[PDB]
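As provided, upload.txt (compact mmCIF, C-alpha atoms and all ligand atoms) reads as follows.
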```
# COMPACT_ATOMS: atom_id res chain seq x y z
CA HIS A 1 -2.33 31.01 62.96
CA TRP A 2 -1.09 27.68 61.56
CA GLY A 3 -1.80 26.59 57.99
CA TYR A 4 -0.20 24.94 54.94
CA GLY A 5 1.03 28.14 53.21
CA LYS A 6 4.53 29.70 52.79
CA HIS A 7 4.19 31.78 55.92
CA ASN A 8 2.21 29.50 58.24
CA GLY A 9 3.15 25.97 57.01
CA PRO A 10 4.73 22.84 58.67
CA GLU A 11 8.11 24.59 58.69
CA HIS A 12 6.81 27.43 60.88
CA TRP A 13 4.81 25.18 63.31
CA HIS A 14 7.72 24.61 65.73
CA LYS A 15 7.48 28.27 66.85
CA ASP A 16 4.12 27.88 68.63
CA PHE A 17 4.43 24.11 69.06
CA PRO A 18 8.08 23.13 69.87
CA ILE A 19 7.08 19.45 69.99
CA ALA A 20 7.20 19.74 66.12
CA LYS A 21 10.90 18.87 66.51
CA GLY A 22 10.27 16.25 69.18
CA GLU A 23 11.20 12.58 69.42
CA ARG A 24 8.07 10.79 68.14
CA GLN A 25 6.71 13.04 65.37
CA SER A 26 4.48 12.04 62.47
CA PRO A 27 4.24 11.40 59.65
CA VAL A 28 7.29 9.26 58.76
CA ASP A 29 8.64 7.50 55.73
CA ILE A 30 7.97 3.73 55.88
CA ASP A 31 11.12 2.00 54.64
CA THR A 32 9.82 -1.52 53.78
CA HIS A 33 13.26 -3.04 53.87
CA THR A 34 13.77 -1.80 57.44
CA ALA A 35 10.32 -2.66 58.88
CA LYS A 36 10.37 -6.02 60.61
CA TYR A 37 7.53 -8.57 60.67
CA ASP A 38 6.40 -8.86 64.27
CA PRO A 39 5.12 -12.27 65.42
CA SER A 40 3.68 -10.93 68.72
CA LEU A 41 1.01 -8.65 67.12
CA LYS A 42 -2.51 -10.03 67.67
CA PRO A 43 -4.82 -9.78 64.63
CA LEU A 44 -6.34 -6.34 64.03
CA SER A 45 -10.02 -5.90 64.84
CA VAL A 46 -11.93 -3.10 63.12
CA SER A 47 -15.53 -3.12 64.34
CA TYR A 48 -17.51 -0.40 62.59
CA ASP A 49 -20.93 -2.14 62.27
CA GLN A 50 -22.72 0.13 64.82
CA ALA A 51 -20.90 3.33 63.75
CA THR A 52 -22.94 6.46 64.37
CA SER A 53 -21.78 9.50 62.36
CA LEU A 54 -23.24 12.91 63.22
CA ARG A 55 -21.93 15.60 60.88
CA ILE A 56 -19.22 16.94 58.55
CA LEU A 57 -17.21 20.13 59.19
CA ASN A 58 -14.81 22.27 57.11
CA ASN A 59 -12.43 23.43 59.85
CA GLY A 60 -10.29 25.52 57.55
CA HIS A 61 -7.60 22.88 57.05
CA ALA A 62 -9.55 19.71 56.19
CA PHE A 63 -13.06 18.33 56.59
CA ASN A 64 -13.93 16.15 59.59
CA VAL A 65 -16.59 13.46 59.60
CA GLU A 66 -17.51 13.28 63.29
CA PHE A 67 -18.92 10.30 65.20
CA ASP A 68 -20.86 9.65 68.36
CA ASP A 69 -18.30 8.27 70.84
CA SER A 70 -20.44 8.24 74.04
CA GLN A 71 -20.64 4.43 73.84
CA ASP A 72 -18.34 1.61 72.59
CA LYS A 73 -19.79 1.62 69.05
CA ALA A 74 -17.18 1.86 66.25
CA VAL A 75 -14.05 0.43 67.93
CA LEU A 76 -10.45 -0.39 67.01
CA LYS A 77 -8.75 -3.12 69.02
CA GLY A 78 -6.08 -5.79 68.62
CA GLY A 79 -2.89 -5.52 66.59
CA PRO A 80 -0.36 -3.45 68.55
CA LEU A 81 -3.14 -2.10 70.77
CA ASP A 82 -4.06 -2.78 74.36
CA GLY A 83 -7.72 -2.21 75.17
CA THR A 84 -10.42 -0.48 73.13
CA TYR A 85 -10.12 2.67 71.03
CA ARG A 86 -13.37 4.46 70.10
CA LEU A 87 -13.77 6.17 66.71
CA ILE A 88 -14.18 9.98 67.02
CA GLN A 89 -13.68 11.34 63.46
CA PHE A 90 -12.17 10.81 60.11
CA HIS A 91 -10.56 13.27 57.70
CA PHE A 92 -8.17 13.29 54.73
CA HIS A 93 -5.00 14.96 53.57
CA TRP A 94 -4.63 15.42 49.79
CA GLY A 95 -2.54 17.18 47.17
CA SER A 96 -3.01 19.67 44.33
CA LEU A 97 -1.67 16.96 42.02
CA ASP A 98 -2.01 13.17 42.07
CA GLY A 99 1.77 12.79 42.64
CA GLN A 100 1.41 14.17 46.21
CA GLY A 101 -1.05 14.36 49.10
CA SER A 102 -0.32 11.56 51.59
CA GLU A 103 1.48 12.19 54.83
CA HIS A 104 3.20 8.85 55.35
CA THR A 105 5.19 7.62 52.38
CA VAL A 106 6.20 4.09 51.33
CA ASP A 107 9.86 3.78 50.35
CA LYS A 108 9.60 7.55 49.59
CA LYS A 109 6.45 7.12 47.43
CA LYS A 110 3.71 9.71 48.04
CA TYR A 111 0.14 8.66 47.37
CA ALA A 112 -2.57 10.96 46.01
CA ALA A 113 -4.23 11.24 49.48
CA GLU A 114 -4.35 9.66 52.96
CA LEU A 115 -7.31 8.88 55.22
CA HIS A 116 -7.08 9.20 59.02
CA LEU A 117 -9.62 7.42 61.24
CA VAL A 118 -8.86 8.82 64.66
CA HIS A 119 -9.64 6.76 67.78
CA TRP A 120 -9.24 7.38 71.50
CA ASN A 121 -8.40 4.86 74.26
CA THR A 122 -11.64 4.27 76.27
CA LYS A 123 -9.54 3.83 79.67
CA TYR A 124 -9.11 7.67 79.63
CA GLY A 125 -12.81 8.48 79.64
CA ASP A 126 -12.63 11.17 76.92
CA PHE A 127 -10.64 12.43 73.89
CA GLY A 128 -9.19 15.46 75.73
CA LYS A 129 -7.78 13.25 78.50
CA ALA A 130 -6.46 10.57 76.07
CA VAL A 131 -4.31 13.13 74.18
CA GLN A 132 -2.46 13.87 77.45
CA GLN A 133 -1.39 10.20 77.34
CA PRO A 134 1.31 8.42 75.29
CA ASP A 135 -1.08 5.61 74.40
CA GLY A 136 -4.15 7.82 74.24
CA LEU A 137 -4.85 7.55 70.53
CA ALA A 138 -4.90 5.08 67.69
CA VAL A 139 -5.00 6.23 64.10
CA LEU A 140 -5.85 3.97 61.18
CA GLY A 141 -4.16 5.46 58.11
CA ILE A 142 -5.23 4.37 54.63
CA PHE A 143 -3.58 5.61 51.44
CA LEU A 144 -5.62 6.85 48.50
CA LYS A 145 -4.61 6.45 44.86
CA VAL A 146 -6.39 7.50 41.64
CA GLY A 147 -7.97 4.67 39.67
CA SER A 148 -11.60 3.52 39.90
CA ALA A 149 -14.25 5.16 42.09
CA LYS A 150 -14.61 4.23 45.73
CA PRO A 151 -18.41 3.72 45.91
CA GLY A 152 -18.38 4.06 49.70
CA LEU A 153 -16.70 7.50 49.44
CA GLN A 154 -19.20 9.11 47.06
CA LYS A 155 -21.63 10.15 49.79
CA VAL A 156 -18.80 12.23 51.35
CA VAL A 157 -17.88 13.60 47.90
CA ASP A 158 -21.58 14.59 47.42
CA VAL A 159 -21.80 16.76 50.57
CA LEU A 160 -18.66 18.87 49.98
CA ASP A 161 -20.62 21.52 48.03
CA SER A 162 -22.39 22.58 51.22
CA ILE A 163 -19.29 22.77 53.42
CA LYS A 164 -17.19 24.71 50.92
CA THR A 165 -15.66 27.23 53.32
CA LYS A 166 -14.10 27.39 56.78
CA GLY A 167 -16.70 26.88 59.54
CA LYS A 168 -19.49 25.32 57.48
CA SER A 169 -20.94 21.97 58.51
CA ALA A 170 -23.78 19.78 57.27
CA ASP A 171 -25.62 16.88 58.84
CA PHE A 172 -23.92 13.64 58.10
CA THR A 173 -25.79 10.83 59.92
CA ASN A 174 -25.79 7.10 58.99
CA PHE A 175 -22.49 7.20 57.04
CA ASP A 176 -20.82 3.75 57.17
CA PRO A 177 -16.97 3.90 57.34
CA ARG A 178 -16.68 0.20 56.36
CA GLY A 179 -16.84 1.22 52.71
CA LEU A 180 -13.64 3.23 53.05
CA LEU A 181 -11.51 0.17 53.76
CA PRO A 182 -9.31 -1.75 51.37
CA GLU A 183 -9.74 -5.53 51.21
CA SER A 184 -6.62 -6.49 53.28
CA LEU A 185 -5.81 -5.39 56.79
CA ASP A 186 -2.01 -5.87 56.51
CA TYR A 187 -0.29 -2.86 58.17
CA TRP A 188 2.78 -1.13 59.54
CA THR A 189 2.78 0.27 63.07
CA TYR A 190 4.93 2.72 65.01
CA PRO A 191 4.53 5.19 67.95
CA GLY A 192 3.99 8.77 66.75
CA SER A 193 1.98 11.97 66.93
CA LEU A 194 -0.95 13.95 65.54
CA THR A 195 0.20 15.45 62.21
CA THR A 196 -1.55 18.80 62.81
CA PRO A 197 -0.88 21.26 65.63
CA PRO A 198 -0.75 20.72 68.56
CA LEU A 199 1.24 17.70 67.20
CA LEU A 200 0.81 15.75 70.49
CA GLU A 201 2.85 12.59 70.88
CA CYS A 202 -0.10 10.41 71.81
CA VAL A 203 -0.61 8.20 68.74
CA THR A 204 -0.31 4.55 67.87
CA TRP A 205 -0.20 4.55 64.10
CA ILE A 206 -1.64 1.68 62.14
CA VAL A 207 -1.00 2.34 58.46
CA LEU A 208 -2.54 -0.09 55.99
CA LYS A 209 -0.36 -1.41 53.16
CA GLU A 210 -3.11 -1.86 50.53
CA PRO A 211 -4.31 1.51 49.23
CA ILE A 212 -7.85 2.33 48.24
CA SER A 213 -8.51 3.63 44.80
CA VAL A 214 -10.68 6.71 44.25
CA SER A 215 -11.61 8.33 40.95
CA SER A 216 -10.05 11.34 39.31
CA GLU A 217 -13.45 13.05 39.67
CA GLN A 218 -13.69 12.15 43.38
CA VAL A 219 -10.31 13.75 44.21
CA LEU A 220 -11.26 16.70 42.01
CA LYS A 221 -14.17 17.59 44.31
CA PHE A 222 -11.79 17.37 47.36
CA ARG A 223 -9.65 20.08 45.64
CA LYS A 224 -12.67 22.41 45.06
CA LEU A 225 -12.87 22.96 48.85
CA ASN A 226 -11.73 26.25 50.42
CA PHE A 227 -9.21 26.97 53.24
CA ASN A 228 -10.86 30.37 53.71
CA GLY A 229 -14.31 31.18 55.08
CA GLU A 230 -17.34 32.56 53.22
CA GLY A 231 -16.75 35.81 51.32
CA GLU A 232 -12.95 35.81 51.68
CA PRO A 233 -10.33 35.55 48.93
CA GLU A 234 -10.59 31.99 47.50
CA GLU A 235 -7.68 29.83 48.63
CA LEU A 236 -8.20 26.24 47.36
CA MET A 237 -7.91 23.57 50.05
CA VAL A 238 -5.04 21.58 48.49
CA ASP A 239 -1.76 20.23 49.77
CA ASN A 240 -2.95 20.01 53.38
CA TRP A 241 -0.36 17.34 54.29
CA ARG A 242 2.68 17.43 56.57
CA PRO A 243 5.86 16.02 55.13
CA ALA A 244 7.79 13.04 56.51
CA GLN A 245 9.64 13.72 59.77
CA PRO A 246 12.81 12.12 61.28
CA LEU A 247 12.18 8.55 62.62
CA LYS A 248 14.74 9.08 65.40
CA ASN A 249 15.33 5.41 66.03
CA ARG A 250 11.71 4.33 66.35
CA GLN A 251 10.85 0.84 65.12
CA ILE A 252 8.24 0.29 62.44
CA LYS A 253 6.75 -3.20 62.73
CA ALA A 254 4.93 -5.12 59.96
CA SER A 255 1.90 -7.34 60.66
CA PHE A 256 2.74 -9.48 57.58
CA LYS A 257 5.65 -11.70 56.48
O1 LIG A 301 -9.74 20.11 63.95
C1 LIG A 301 -9.27 18.96 64.10
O2 LIG A 301 -8.27 18.57 63.45
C2 LIG A 301 -9.84 18.13 64.97
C3 LIG A 301 -10.90 18.52 65.67
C4 LIG A 301 -11.53 17.60 66.64
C5 LIG A 301 -12.64 18.01 67.37
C6 LIG A 301 -13.24 17.14 68.28
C7 LIG A 301 -12.73 15.86 68.45
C8 LIG A 301 -11.62 15.45 67.72
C9 LIG A 301 -11.03 16.32 66.81
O3 LIG A 301 -10.03 15.95 66.15
HG HG A 302 0.56 12.33 74.60
ZN ZN A 303 -4.69 13.50 59.67
```
What's the structure tokens form of this structure?
Amino acid sequence: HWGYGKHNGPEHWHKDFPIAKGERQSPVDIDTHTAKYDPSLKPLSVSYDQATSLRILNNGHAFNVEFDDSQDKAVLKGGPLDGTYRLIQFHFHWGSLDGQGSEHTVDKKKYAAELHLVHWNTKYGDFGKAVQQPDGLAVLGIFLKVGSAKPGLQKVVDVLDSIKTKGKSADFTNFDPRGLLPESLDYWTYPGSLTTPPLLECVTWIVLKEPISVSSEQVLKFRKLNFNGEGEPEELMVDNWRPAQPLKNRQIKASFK
């Protein structure tokens, strides 16, 4: 089935999932000289104080930190968004090398990694329903670069040993996502898709401008993860990003002047 390799990578996806070549695919390149400041955008509201994580899973392409979304706890609202979008999980995409890893790019620049905090619109009752809707999902995307350690990431770093291979999960309660954020909430926004199959065109992207910095030794542990499951040939989980897709005359708006 789908992967990031030569024979099952992003370039093969269109065969099972024809929407891969659709009209609002992600990720895209953010051209900063083409993005327009948008006066109408209300300020972004990221309310993660009551966030209730449950567990962390290696799903054979990335690791997901999953949250309890059966109440309006961790919620994204405001900005380009109408209503309330409940946090369901976060995950990363990263490279084999620091020069690559992110999915979105800024004026062609690839970051070392990219964080996706996935949220579903609470007027659709559940995640599965929301992804059948064009405004069903909001994703907060945050670029990673290599510099100093992100203290609020180290707890995630620490657990990776125990979820090495496809299918493993460990308990991951009381993680606080607030320590994954950069200082500023300036952002670019456009309508787009999930970046993994089934690539559904259900996403409002909010991509932060200010990257977080993580340490060389933090990203190193990310790259020690396995695509394969226990007792299979070792295939390092690296380069699990989709490249930039055609914008197709979408509009990227900036929250900042
Ligand atoms: O495997 C994934 O990429 C997501 C799995 C998932 C499961 C439950 C809820 C949301 C999800 O993204
Ligand atoms: Hg959709
Ligand atoms: Zn993602």
As a ChimeraX atom specification, please: the residues near segment 113-119 of chain A (cut-off 7 Å, all atoms listed in the file, same-chain neighbours under 6 positions excluded). /A:85-95,101-103,137-145
Given all atoms listed in the file as the basis, pick out the residue of A:199, A:128, A:80, A:146 nearest to residue 40 of chain A.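 Checking each of A:199, A:128, A:80, A:146 against residue 40 of chain A, counting all atoms listed in the file, the winner is A:80.
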Polymer residues at most 10 Å from residue 178 of chain A, all atoms listed in the file, same-chain spacing of 6 or more positions, as a compact mmCIF listing (two decimals) with C-alpha atoms, in the coordinates of the input:
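selection_32.txt, freshly written:
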```txt
# COMPACT_ATOMS: atom_id res chain seq x y z
CA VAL A 46 -11.93 -3.10 63.12
CA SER A 47 -15.53 -3.12 64.34
CA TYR A 48 -17.51 -0.40 62.59
CA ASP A 49 -20.93 -2.14 62.27
CA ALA A 51 -20.90 3.33 63.75
CA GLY A 152 -18.38 4.06 49.70
```
- Query: Which of these residues is nearest to ligand HG 302 (chain A), using all atoms listed in the file: A:247, A:202, A:181, A:112?
  - Reply: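 Nearest candidate to ligand HG 302 (chain A) out of A:247, A:202, A:181, A:112: A:202.
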Within-8 Å residues of ligand LIG 301 (chain A), basis all atoms listed in the file, as a list in words: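 Sorted by chain and then by number, the residues are residues 59, 61, 62, 64, 66, 88, 89, 118, 127 and 196 of chain A.
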Cut-off 8 Å, only C-alpha atoms and all ligand atoms, neighbours of ligand HG 302 (chain A) as a count of residues only: 12
One residue among A:98, A:186, A:29, A:126 is nearest to residue 72 of chain A when using only C-alpha atoms, and that residue is A:126
For this session: Figure out the distance between atom CA of residue 237 of chain A and atom CA of residue 14 of chain A, please, to one decimal in Å.
Result: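 Going from atom CA of residue 14 of chain A over to atom CA of residue 237 of chain A, I get 22.2 Å.
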Restricting to all atoms listed in the file, whichever of A:111, A:120, A:2, A:175 is closest to residue 97 of chain A is A:111
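For the set A:96, A:198, A:208, A:74, the residue with the smallest atom-to-atom gap to residue 17 of chain A is A:198, counting all atoms listed in the file.
Comparing A:27, A:179, A:229, A:191 by their smallest distance to ligand ZN 303 (chain A), the closest is A:27 (using only C-alpha atoms and all ligand atoms).
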**Message:** I'd like the contact shell of segment 159-167 of chain A - 10 Å cut-off, only C-alpha atoms, skipping same-chain residues fewer than 5 positions apart - returned as a count of residues only.
**Reply:** 25
Practice item. Just give me the residues with any atom within 7 Å of (-21.5, 10.3, 59.8), file coordinates, counting all atoms listed in the file, written as number ranges by chain. Key: A: 52-55, 65-67, 172-175
Could you list, as an mmCIF file with C-alpha atoms, keeping the file's coordinate frame, every residue within 9 Å of residue 23 of chain A, counting all atoms listed in the file and ignoring same-chain residues fewer than 2 positions away?
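Written file, result_29.cif:
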```cif
data_model
loop_
_atom_site.group_PDB
_atom_site.id
_atom_site.type_symbol
_atom_site.label_atom_id
_atom_site.label_comp_id
_atom_site.auth_asym_id
_atom_site.auth_seq_id
_atom_site.Cartn_x
_atom_site.Cartn_y
_atom_site.Cartn_z
ATOM 1 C CA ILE A 19 7.080 19.450 69.990
ATOM 2 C CA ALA A 20 7.200 19.740 66.120
ATOM 3 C CA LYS A 21 10.900 18.870 66.510
ATOM 4 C CA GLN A 25 6.710 13.040 65.370
ATOM 5 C CA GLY A 192 3.990 8.770 66.750
ATOM 6 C CA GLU A 201 2.850 12.590 70.880
ATOM 7 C CA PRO A 246 12.810 12.120 61.280
ATOM 8 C CA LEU A 247 12.180 8.550 62.620
ATOM 9 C CA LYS A 248 14.740 9.080 65.400
ATOM 10 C CA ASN A 249 15.330 5.410 66.030
ATOM 11 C CA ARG A 250 11.710 4.330 66.350
#
```
Q.
Could you list, as a list in words, every residue within 9 Å of residue 106 of chain A, counting only C-alpha atoms and ignoring same-chain residues fewer than 6 positions away?
A. residues 29, 30, 31, 32 and 209 of chain A
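What separates atom CA of residue 149 of chain A from atom CA of residue 238 of chain A is a distance of 19.9 Å.
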Rebuild N, CA, C and O atoms on segment 5-17 of chain A, as an mmCIF file, in the frame of the given file?
```cif
data_model
loop_
_atom_site.group_PDB
_atom_site.id
_atom_site.type_symbol
_atom_site.label_atom_id
_atom_site.label_comp_id
_atom_site.auth_asym_id
_atom_site.auth_seq_id
_atom_site.Cartn_x
_atom_site.Cartn_y
_atom_site.Cartn_z
ATOM 1 N N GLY A 5 0.417 27.164 54.123
ATOM 2 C CA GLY A 5 1.030 28.140 53.210
ATOM 3 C C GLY A 5 2.496 28.424 53.516
ATOM 4 O O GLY A 5 3.034 27.928 54.508
ATOM 5 N N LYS A 6 3.123 29.239 52.659
ATOM 6 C CA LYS A 6 4.530 29.700 52.790
ATOM 7 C C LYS A 6 4.898 30.288 54.145
ATOM 8 O O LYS A 6 6.041 30.150 54.618
ATOM 9 N N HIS A 7 3.931 30.958 54.759
ATOM 10 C CA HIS A 7 4.190 31.780 55.920
ATOM 11 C C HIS A 7 3.631 31.203 57.216
ATOM 12 O O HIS A 7 3.992 31.656 58.312
ATOM 13 N N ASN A 8 2.780 30.182 57.086
ATOM 14 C CA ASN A 8 2.210 29.500 58.240
ATOM 15 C C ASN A 8 2.248 27.963 58.159
ATOM 16 O O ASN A 8 1.542 27.300 58.909
ATOM 17 N N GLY A 9 3.067 27.417 57.250
ATOM 18 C CA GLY A 9 3.150 25.970 57.010
ATOM 19 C C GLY A 9 3.943 25.147 58.016
ATOM 20 O O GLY A 9 4.482 25.701 58.976
ATOM 21 N N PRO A 10 4.005 23.805 57.813
ATOM 22 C CA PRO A 10 4.730 22.840 58.670
ATOM 23 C C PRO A 10 6.104 23.294 59.145
ATOM 24 O O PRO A 10 6.557 22.870 60.214
ATOM 25 N N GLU A 11 6.755 24.142 58.364
ATOM 26 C CA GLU A 11 8.110 24.590 58.690
ATOM 27 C C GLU A 11 8.143 25.729 59.711
ATOM 28 O O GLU A 11 9.178 25.989 60.340
ATOM 29 N N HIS A 12 7.004 26.395 59.869
ATOM 30 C CA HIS A 12 6.810 27.430 60.880
ATOM 31 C C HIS A 12 6.200 26.912 62.187
ATOM 32 O O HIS A 12 6.260 27.612 63.209
ATOM 33 N N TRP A 13 5.571 25.721 62.145
ATOM 34 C CA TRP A 13 4.810 25.180 63.310
ATOM 35 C C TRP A 13 5.601 25.145 64.615
ATOM 36 O O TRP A 13 5.059 25.454 65.677
ATOM 37 N N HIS A 14 6.879 24.794 64.527
ATOM 38 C CA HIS A 14 7.720 24.610 65.730
ATOM 39 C C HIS A 14 7.738 25.833 66.666
ATOM 40 O O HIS A 14 8.013 25.695 67.865
ATOM 41 N N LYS A 15 7.449 27.011 66.108
ATOM 42 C CA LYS A 15 7.480 28.270 66.850
ATOM 43 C C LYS A 15 6.388 28.363 67.931
ATOM 44 O O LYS A 15 6.678 28.710 69.069
ATOM 45 N N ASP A 16 5.151 28.000 67.597
ATOM 46 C CA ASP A 16 4.120 27.880 68.630
ATOM 47 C C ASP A 16 4.060 26.531 69.299
ATOM 48 O O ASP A 16 3.548 26.418 70.428
ATOM 49 N N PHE A 17 4.562 25.508 68.609
ATOM 50 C CA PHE A 17 4.430 24.110 69.060
ATOM 51 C C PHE A 17 5.786 23.420 68.955
ATOM 52 O O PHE A 17 6.013 22.688 68.021
#
```
